[PDB]
Amino acid sequence: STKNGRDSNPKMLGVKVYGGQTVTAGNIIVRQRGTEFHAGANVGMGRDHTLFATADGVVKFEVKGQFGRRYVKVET
Amino acid sequence: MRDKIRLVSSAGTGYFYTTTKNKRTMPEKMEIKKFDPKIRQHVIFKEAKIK
RNA sequence: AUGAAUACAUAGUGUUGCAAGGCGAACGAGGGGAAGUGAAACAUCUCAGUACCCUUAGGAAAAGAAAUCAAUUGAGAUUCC
RNA sequence: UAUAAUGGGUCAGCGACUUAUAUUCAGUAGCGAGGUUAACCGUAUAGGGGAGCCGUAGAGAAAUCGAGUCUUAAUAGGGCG
RNA sequence: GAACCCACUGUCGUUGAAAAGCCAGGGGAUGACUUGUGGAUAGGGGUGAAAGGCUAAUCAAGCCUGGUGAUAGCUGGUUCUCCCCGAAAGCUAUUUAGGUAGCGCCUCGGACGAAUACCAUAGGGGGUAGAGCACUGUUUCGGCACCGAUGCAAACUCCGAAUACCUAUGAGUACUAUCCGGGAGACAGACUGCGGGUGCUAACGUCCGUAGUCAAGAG
RNA sequence: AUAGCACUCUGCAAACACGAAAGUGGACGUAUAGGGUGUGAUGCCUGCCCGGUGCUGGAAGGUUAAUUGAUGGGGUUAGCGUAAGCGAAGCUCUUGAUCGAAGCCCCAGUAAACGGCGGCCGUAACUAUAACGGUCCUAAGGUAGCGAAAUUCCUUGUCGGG
RNA sequence: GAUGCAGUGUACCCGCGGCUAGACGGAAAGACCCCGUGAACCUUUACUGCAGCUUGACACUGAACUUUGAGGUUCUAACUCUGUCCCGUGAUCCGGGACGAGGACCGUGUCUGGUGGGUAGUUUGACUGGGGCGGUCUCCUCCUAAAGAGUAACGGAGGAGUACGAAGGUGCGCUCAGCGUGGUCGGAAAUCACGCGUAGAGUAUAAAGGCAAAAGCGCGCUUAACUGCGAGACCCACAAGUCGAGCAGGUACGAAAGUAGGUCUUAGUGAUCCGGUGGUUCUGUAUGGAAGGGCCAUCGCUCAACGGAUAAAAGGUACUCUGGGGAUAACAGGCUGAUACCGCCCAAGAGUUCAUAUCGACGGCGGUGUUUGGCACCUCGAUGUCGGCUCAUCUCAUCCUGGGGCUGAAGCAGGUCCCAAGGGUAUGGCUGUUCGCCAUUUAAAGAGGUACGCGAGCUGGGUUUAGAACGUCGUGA
RNA sequence: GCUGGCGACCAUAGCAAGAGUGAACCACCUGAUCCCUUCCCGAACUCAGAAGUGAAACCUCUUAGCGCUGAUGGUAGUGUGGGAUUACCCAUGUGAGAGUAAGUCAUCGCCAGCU
């Protein structure tokens, strides 16, 4: 009899809206366990590190700053 | 583990909150300031039996 | 009419007269009364007061003239649709 | 499945999606903001019988309101319309 | 040891002469013996020197008639003709696993038309193939844990494609996409190629992903 | 199955069995009798354990039923209050004190009642063994007799006979 | 596992007597095995009732004297007699009468506690490379998983069924770990001081994704671990689950811009029904109340078989039965060849010297389809056998006989390899044996395939029905 | 041309080494009276000021030492069609990682002082 045989239910993480798409305020952009992406302009961060839009516009990804963090912002 | 307790409004409205507490570390009855929607003010709430 | 224990009686015994018993469709009234089944198992529950057993009428039976309902103070005995 | 998996020795005759009620949808006919009677009466498929049913208004657990209504301290917001 | 009552062995018989026998041997044969006639015990009951034996060729609950057309997620069967479309053997849950229910897939009616798809161009995230040793482990040889050479990794990564996926614009081609309703069937799959787990880089083996064919398709 | 043996129940309107009851068998019998249970002529015999379950006999402590209904808490309204409200009696809902048997808990006996009958290490002048000891745990750790057996896996054990 | 398909060989048409190798021959919807939320009967310290037995209260049920509500003594009149006598009456039933012995006991009705396999109805999960035994059943993390999501196995590895009134909020403030130098006890490593290089520390807890405006670490004040909501999204069969700007009220910390709707995040959980508690400008069976119900908040689950069939449930069947399955096991066939058997390559060494006369270590490559297995494709509306008997047929990896090469071949013998399938190739003791051991033979007593050849050709000793016993297991069947 | 503040950008821009700067600015600097401060300490934070020094620090310049950037070509992988099954070959499209040549001691913006 094996001592293995367990696993957890899937969580369905990942990028939900890609660069160049238009969003409405409140749209979820990234589901992530940790801050793989950071919130830029017009983007808010939830209690579970979810990134969402706070304004209408076009999503844009970039690499910026002195640490080389990945940012996602919304351009109005 | 941790026992369930009610915090009852001192204003006499009958409003209450529910929480848990460790008896061994907190033997005394708990008092804390909370909002009472019945009178729309902050008042002191006191521990009582959850029953 | 006769006639014990037992005195009076009563019980018991006999004669005469009258009546009853049995059978047969369904329907009626009453006395008893299952399980298969369903619940996707099963015990509460259901099946169902059904099947069946028993007693007993009539052309029908049962019920019936409010110690009943109703709720503007009104209706007005049973039975069936 | 040629299968060495099932069934049929052969012929003739019989042999299996029904009936009642309710409900929903589609066709078709009448009438149409209206439609329609049931039991029952009726020498009776007629003609009577409007009790009742469906539609015509929603919201709310409900009291209640009503093109609004519920929630709320709120004419804010939101849900059903 | 005959009659009578039994049934230990063997051949035969087994669509028999016989639904338990014949033949040759065998046991008891004044006893707890055998037997006629007539009675008693009735079904969760009877009777049993006890084998669950016997109770009318029937017994772990007799037979007959009723409840009764018991129930059966199981097996079988289901009858004339032509035309159009055409599946699935998956996910989720289930005292569920060969049943069923919601969704996925089929069909018919209505509404609505370019909102759809193929391809091109443009924008976007990645951590696989490969590779590497910068971390985590592991490996060999030197020099003094470190330094120099040298390998390995599904649960290592300093790196990192092709494809696939999402969005916008556009030509051409095509009855496309979507919404609201009536009716389903199906939830046992198989092989082959490619990427893998398991198995011995076994199996016409087993479990996933992906495409084709069969299933339901003849030449 | 049996004669023989043993245990146990039964004082007679017997125990026990059939039956719903009436009643019937037991038995027109009476403990030298009748029922139940086990063993199975006869010979020699029948060891230890009452912790468990059962049976028998005690004990009156703890626990417990129906019944009983002391207390406490509500509902209602005469009345009293400007009011908020208070509020007897009478009905009524509920709470439940006290009393209350057997059984059970407890204590003894009982195995021809159902049942049970163990382990780990040492030790005598050659060797070996262990008369003999060290202990742990039970209610108690197999007496007589028998033993590769209708019982023995290893196993066709080993030795003798044929 | 083919009379019927392919290729090919053979074969004029039809009887009769024989025979049983095949027609997976006929016979009985397999009895073994599994399945169905099938059946029956049996058992018990399974569940739940009932009969029977037993306890107490009330009723039938009365009287008079004593003692500390209860106990004792006496009585007769209820009631008992399967005791005697009389009568009905020609009668061991029954009824009435007279006695005698008992007697408010016994016994019966209603209620009530106990006991209760005597009897009755039922239950006793699923997954599963057959079933059983073992393991597992819900949630979180990583890999498998093929660079979006998702993705299975009784695949490979670990965690959870909590904790915290601060370990929450806010304002202000601060950086770890390691190594080296010196410094009392004091050092491998306690604390102090200065450097060096460097995220290797930490984050309540497993792992992963994260963490400088540190999400890590301190101090003061505090309760936003608030109430009403909520545009818009993620995920999704449903039921559920997740993120959320912003508006209003009341707060806390800041000088302020501001931050705060618990904790870096992802596990720490349970639907509905039925009940308890607080509140309530809802309802209230004539009316006013009330009881009860509704609404808001909240409490009672290892219902862990974790979408939870009941409030409540274990076993046996060889005495058995039905509906099904070759969807699924035991025999034989099939695929495979780990295992098995046979062969070959390299060659340390052994062989007095001498790898290869004969052996041959450590390693490597194949063949066959006699073993043990793996799979579950055929057969469960039946393919019905362990051994022996009778009768066979084929292969060659040859046991004897025949022909050869080499030799550590003097001869006689022997060893090893090659060719060769024509024929031949024991009887007995023991045991059911196949096998095996033993005795005595023979030139030799070969190894295998043929449904482990052959039971519509024979047997039936073994195995595997129903009877009985022993050892052992079980309370018991 | 020097100095200060705030940004863009985040190594071709960084580290390391060497050398320079005092008019103004900045930095050390004085001590601690009142503000304020240390789980001790005027070390930091804070106040009130210029007796000294550019020593340290910060800035500026030089160096390819460490580091970083990095072609071309080839190789690996891979979508589609075909041919094979130790995982290759062909046609077509695509194309790394490592390494080699080589490059680098950044480049811009706003405001204010001093010449």
# chains A, B, ... in the order shown; residues from 1 in each chain; ligands from 1
>>> interface_residues(of="chain B", to="chain D", cutoff="12 Å", atoms="only C-alpha atoms (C1' of nucleotides)", output="PyMOL selection string")
chain B and resi 37-40
>>> select_by_dssp(residues="chain A", states="strand (DSSP E)", output="JSON, numbers by chain")
{"A": [14, 15, 22, 23, 28, 29, 30, 31, 38, 39, 43, 44, 45, 51, 52, 53, 57, 58, 59, 60, 61, 62, 63, 64, 69, 70, 71, 72, 73, 74, 75]}
>>> residues_around(residues="residue B:34", least_positions_apart="5", cutoff="10 Å", atoms="only C-alpha atoms (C1' of nucleotides)", output="PyMOL selection string")
(chain B and resi 7-9+16-17+41-46) or (chain G and resi 223+226+250-251)
>>> residues_around(residues="stretch 42-47 of chain A", least_positions_apart="5", cutoff="7 Å", atoms="only C-alpha atoms (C1' of nucleotides)", output="list in words")
residues 52, 53, 54, 55, 73 and 74 of chain A; 243 of chain G
>>> residues_around(residues="residue F:141", least_positions_apart="3", cutoff="9 Å", atoms="only C-alpha atoms (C1' of nucleotides)", output="PDB file with C-alpha atoms (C1' of nucleotides), in the first residue's frame")
ATOM      1  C1'   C F  48      -5.516 -27.769  40.045  1.00  0.00           C
ATOM      2  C1'   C F  49      -8.583 -22.971  39.190  1.00  0.00           C
ATOM      3  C1'   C F 117      -4.971 -24.989  33.103  1.00  0.00           C
ATOM      4  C1'   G F 118       1.817 -19.201  31.517  1.00  0.00           C
ATOM      5  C1'   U F 138      -2.246 -14.924  36.573  1.00  0.00           C
TER       6        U F 138
END
>>> residues_around(residues="residue D:25", least_positions_apart="2", cutoff="12 Å", atoms="only C-alpha atoms (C1' of nucleotides)", output="PDB file with C-alpha atoms (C1' of nucleotides), in the first residue's frame")
ATOM      1  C1'   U D  23     -50.676  19.456 -17.031  1.00  0.00           C
ATOM      2  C1'   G D  27     -50.508  23.143 -35.220  1.00  0.00           C
TER       3        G D  27
ATOM      4  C1'   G E 109     -39.576  25.473 -34.424  1.00  0.00           C
ATOM      5  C1'   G E 181     -38.308  27.175 -26.692  1.00  0.00           C
ATOM      6  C1'   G E 182     -40.427  21.245 -28.061  1.00  0.00           C
ATOM      7  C1'   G E 183     -37.909  16.049 -28.432  1.00  0.00           C
TER       8        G E 183
END
